[PDB]
2 protein chains.
Amino acid sequence: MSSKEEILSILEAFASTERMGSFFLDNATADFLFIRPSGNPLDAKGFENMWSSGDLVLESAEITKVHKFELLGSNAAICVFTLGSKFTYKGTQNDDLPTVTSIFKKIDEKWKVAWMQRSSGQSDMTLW
Amino acid sequence: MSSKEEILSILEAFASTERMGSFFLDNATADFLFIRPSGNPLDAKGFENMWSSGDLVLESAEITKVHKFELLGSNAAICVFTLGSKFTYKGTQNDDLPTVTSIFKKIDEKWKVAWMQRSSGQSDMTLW
């Protein structure tokens with residue numbers, strides 16, 4: 001299957017209620033970081049720690065729209081997408097709609113997420 | 001010279017008081033977008049329009065620290081950095097310190113910026 005499809009399969013797994021929290025632990029490269037809207041990095045364990053809280057629960061997440069996909073040579077790729085989520089935090093439901101830039105690399109012939117930066121969650125879809 | 005150095009030379013030109021506004025017009029690929037902290041995209045002209053305002057003036061900008069650099073094959077690259085700027089907006093000076101994820105591609109044997117997403121400007125350097 002096409003690399004878009006392979007990489008999209010990985011992003012769908014990230015955007016899943018059961019798998020998001022621990023995902024980077026299994027699927028990310030060792031030097032992966034997740035860049036929060038503040039600019040402050042989290043590593044795979046830091047990301048999982050956020051979701052481990054108890055106070056933060058993912059209700060739904062989806063790959064709403066892919067804005068950019070391309071291979072960067074044979075063994076890397078960029079995928080830019082809008083991630084649409086619903087989550088509960090300390091007693092309130094929230095919608096979240098960031099723009100996310102993700103980078104993938106092939107390691108031992110398998111695709112892994114190498115980098116991800118997200119925006120604040122009130123993006124305007126109409127601009128795409 | 002090394003690709004880091006070539007790509008760093010391009011980023012220094014972006015982070016310059018005279019060149020930032022119009023930079024993407026000359027140095028970016030046609031499908032480049034700049035992702036604002038909100039997640040909302042700007043194209044090269046949209047970016048220049050912001051700086052054309054009169055109300056917004058860049059006083060200084062620097063590549064403060066490079067956190068990640070690597071080639072993605074022979075003809076692409078990722079560079080993650082903290083951009084330290086001072087700017088005036090509608091009568092007030094501000095400091096700005098985002099995390100920026102940039103992607104580069106070689107087009108006709110020349111490096112061009114292909115993508116850039118920035119965070120809010122109050123990142124915590126101590127986390128790197």
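In what follows, every chain begins at residue 1, and chains take the letters A, B, ... in the order their sequences are listed. Atom set for the values below is all heavy atoms of this structure, side chains included, hydrogens, waters and symmetry mates excluded.
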*Asks:* Could you look at B:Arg118 and say if it's the side chain, the backbone, both or neither that has a heavy atom under 4.5 Å from chain A?
*Replies:*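 Just its backbone gets close to chain A.
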*Asks:* Got a donor-acceptor contact below 3.5 angstrom from the A:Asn40 side chain to the B:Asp124 backbone?
*Replies:*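 Yes.
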*Asks:* Using the rule that two of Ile, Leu, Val, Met, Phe, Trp, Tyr join whenever any of their side-chain heavy atoms come within less than 4.5 Å, decide whether A:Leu72 and B:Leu11 are in one cluster.
*Replies:*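 A:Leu72 and B:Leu11: separate clusters.
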*Asks:* According to a hydrophobic-cluster definition based on side-chain heavy atoms being under 4.5 Å apart (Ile, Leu, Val, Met, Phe, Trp, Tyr only), do A:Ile63 and A:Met125 belong together?
*Replies:*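 Different clusters: A:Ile63 never reaches A:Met125 through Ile, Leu, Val, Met, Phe, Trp or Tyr contacts under 4.5 Å.
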*Asks:* Please classify the contact between A:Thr101 and chain B as side chain, backbone, both or neither, with a heavy-atom cut-off of under 4.5 Å.
*Replies:*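 For A:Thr101, backbone and side chain are both near chain B.
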*Asks:* Which atoms of A:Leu127 are under 4.5 Å from chain B, going by heavy atoms: the side chain, the backbone, both sets, or neither?
*Replies:*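 Both backbone and side chain.
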*Asks:* Which answer fits B:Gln122, side chain, backbone, both or neither, if we ask what part of it has an atom under 4.5 Å from a heavy atom of chain A?
*Replies:*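 Contact with chain A: backbone only.
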*Asks:* Measuring heavy-atom distances to chain A, does B:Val80 have an atom under 4.5 Å in its side chain, in its backbone, in both, or in neither?
*Replies:*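 Just its side chain gets close to chain A.
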*Asks:* First locate atom CZ of B:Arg36, then atom OG of A:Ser120, and finally report the distance between them rounded to the nearest 0.5 Å.
*Replies:*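 Answer for the CZ-OG pair, B:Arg36 versus A:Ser120, is 12.5 Å.
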*Asks:* Under a 4.5 Å heavy-atom cut-off, does chain A meet the side chain of B:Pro98, its backbone, both or neither?
*Replies:*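 For B:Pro98, there is no contact with chain A at all, as no heavy atom is under 4.5 Å.
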*Asks:* Which atom pair, heavy atoms only, marks the closest approach of A:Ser38 to B:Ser119?
*Replies:*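 Looking at all heavy atoms of both residues, the closest pair is O-OG, 3.6 Å.
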*Asks:* Examine A:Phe104 and A:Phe24 and state if one hydrophobic cluster contains both, with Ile, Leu, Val, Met, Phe, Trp and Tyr joined whenever side-chain heavy atoms are less than 4.5 Å apart.
*Replies:*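 Same cluster: A:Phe104 reaches A:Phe24 through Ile, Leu, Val, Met, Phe, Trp or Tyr contacts under 4.5 Å.
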*Asks:* Below 4.5 Å from any heavy atom of chain A, which atoms of B:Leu71 appear? Answer side chain, backbone, both or neither.
*Replies:*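 B:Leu71 has no heavy atom closer than 4.5 Å to chain A.
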*Asks:* With rounding to the nearest 0.5 Å, note down the distance linking OG1 in B:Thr99 to CD1 in A:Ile35.
*Replies:*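 If we round to the nearest 0.5 Å, B:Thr99:OG1 and A:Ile35:CD1 are 5.5 Å apart.
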*Asks:* Hey, could you give me the NZ/CG distance between B:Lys68 and A:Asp31, rounded to the nearest 0.5 Å?
*Replies:*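 Those atoms lie 4.0 Å apart.
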*Asks:* What's the shortest heavy-atom distance between B:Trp128 and A:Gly39, and which atoms?
*Replies:*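 That closest heavy-atom pairing would be CZ2-O, 4.0 Å.
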*Asks:* If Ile, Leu, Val, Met, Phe, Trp and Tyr residues are connected whenever their side-chain heavy atoms lie under 4.5 Å apart, and connections chain through other members, are A:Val113 and A:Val66 in the same group?
*Replies:*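 Yes, A:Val113 and A:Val66 fall within the same hydrophobic cluster.
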*Asks:* Is A:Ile103 close to chain B through its backbone or its side chain, or both, or neither, when contacts mean heavy atoms under 4.5 Å?
*Replies:*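 For A:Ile103, the side chain is the part near chain B, not the backbone.
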*Asks:* Please say yes or no: joined through hydrophobic side-chain contacts below 4.5 Å, possibly via intermediate residues, are B:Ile10 and B:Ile78 part of one cluster?
*Replies:*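 No, B:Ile10 and B:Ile78 fall in different hydrophobic clusters.
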*Asks:* Checking A:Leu97 against chain B: side chain, backbone, both or neither under 4.5 Å from a heavy atom?
*Replies:*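 No part of it gets close to chain B.
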